[PDB]
Amino acid sequence: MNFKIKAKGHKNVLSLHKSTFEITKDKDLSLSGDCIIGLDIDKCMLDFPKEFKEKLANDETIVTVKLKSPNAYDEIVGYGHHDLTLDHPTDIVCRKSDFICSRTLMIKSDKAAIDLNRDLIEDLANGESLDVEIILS
């Protein structure tokens, strides 16, 4: 019960944000974009099938986000909620808080951008590609 996204890295990836990480359809990354780890994503939340959206937008759902670069991997676990709308056209945000907006994939996550594996971030900052897998349980 999964969904896969491919993203590009970027020379400007820092991944230092303390409460979120984000992937975006945006192709370019400003110098100060410290929560963004993936660019030019192939698929956004508008591409999630109905069955995935319905299960994700549930207070009982556990959301596993697997991140893979050529040399490194990481795993984030966050939570579903009935209030998720999953309908922003360009951005996908994983949050440590329970704050919900149209960009929010999951809440109360164990990791923000700052917590992510530095080998994965050095792969992304050398513009290696990012594989994202979102798993519902």
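The rules behind the values
- Residues numbered from 1 in each chain as written, not as in the entry; some residues may be left out.
- Heavy atoms only, no water.
- Helix = DSSP H or I, 4+ residues; strand = E, 2+ residues; numbered from the N terminus.
- Salt bridge = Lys/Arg side-chain N within 4 Å of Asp/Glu carboxyl O.
- Buried < 20%, exposed > 50% of the residue type's maximum accessible area, 1.4 Å probe, protein only.
- Pairing = 2+ DSSP bridges.
- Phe/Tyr/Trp six-rings, centres within 6.5 Å; stacked < 30°, edge-to-face > 60°.
- Axes fitted to C-alpha atoms, helices over the stretch in contact; angles between N-to-C directions.

Looking at the method and resolution fields of the entry, one finds X-ray crystallography and 1.764 Å.

Listed as the entry title in the PDB record is "Crystal structure of DUF371 domain-containing protein from Methanobrevibacter ruminantium".

Visitor: Describe in detail unusual backbone geometry, supporting the description with residues and values.
Guide: Most peptide bonds take the trans form, and the phi angle of most residues other than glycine is negative. Positive phi values are uncommon outside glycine, yet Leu-86 reaches one of about 55°. Along the polypeptide, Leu-86 turns up in the loop between β5 (72-79) and β6 (91-95). At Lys-108, a position not held by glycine, the phi torsion is positive, near 50°. Within the fold, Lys-108 resides in the loop between β7 (104-106) and α2 (118-125).

Visitor: Tell me about the pattern of salt bridges, and please be specific about residues and values.
Guide: Scanning the entire structure with this criterion turns up seven salt bridges. For the salt bridge of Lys-27 with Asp-40, the shortest nitrogen-to-oxygen distance reads 3.0 Å. Of this pair, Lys-27 sits in the loop between β2 (20-24) and β3 (36-38) while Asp-40 sits in the loop between β3 and α1 (50-56), and the two are 13 residues apart along the sequence. Where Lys-111 meets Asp-74, a salt bridge forms, and the shortest distance between an N and an O atom there is 2.7 Å. Of the two residues, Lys-111 sits in the loop between β7 and α2 while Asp-74 sits in strand β5, which places them 37 residues apart along the sequence. Look at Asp-74 and you get buried, because its relative accessible area is 10%.

Visitor: Any chance you could break down the pairing of strand β4 (residues 62-69) for me, citing the residues and the numbers?
Guide: When β4 meets β5, the two strands line up antiparallel, connected through eight bridges. Pairing of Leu-67 across the sheet is with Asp-74, part of β5. Relative to strand β8 (residues 129-136), β4 runs antiparallel, the two sharing six bridges. Looking at β8, one finds that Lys-66 is bridged to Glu-133.

Visitor: Tell me about the packing of aromatic side chains, and name the residues and values.
Guide: Inspection of the entire model under this criterion finds three aromatic pairs. Consider the rings of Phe-3 and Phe-48, whose centres lie 4.8 Å apart with planes at 70°: the pair is edge-to-face. Here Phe-48 lies in the loop between β3 and α1 and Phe-3 lies in strand β1 (residues 2-8), a separation of 45 residues in the sequence. Ring geometry for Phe-3 and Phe-52: centres 5.9 Å apart, planes at 50°, overall tilted. Taken together, the residues span a long stretch of sequence, with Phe-3 in strand β1 and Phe-52 in helix α1 at a distance of 49 residues. Put simply, the rings of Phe-3, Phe-48 and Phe-52 pair up and form one aromatic cluster.

Visitor: If you had to explain the sheet that holds β4 to someone new, which residues and values would you point to?
Guide: An order of β1-β8-β4-β5 is seen for the four strands of this open sheet, with the pairing classed as antiparallel. The open sheet has two free edges, formed respectively by β1 and β5, since each of these has just one partner strand. Each strand of the sheet is rotated relative to its neighbour by a mean of 15°, with strand direction disregarded.

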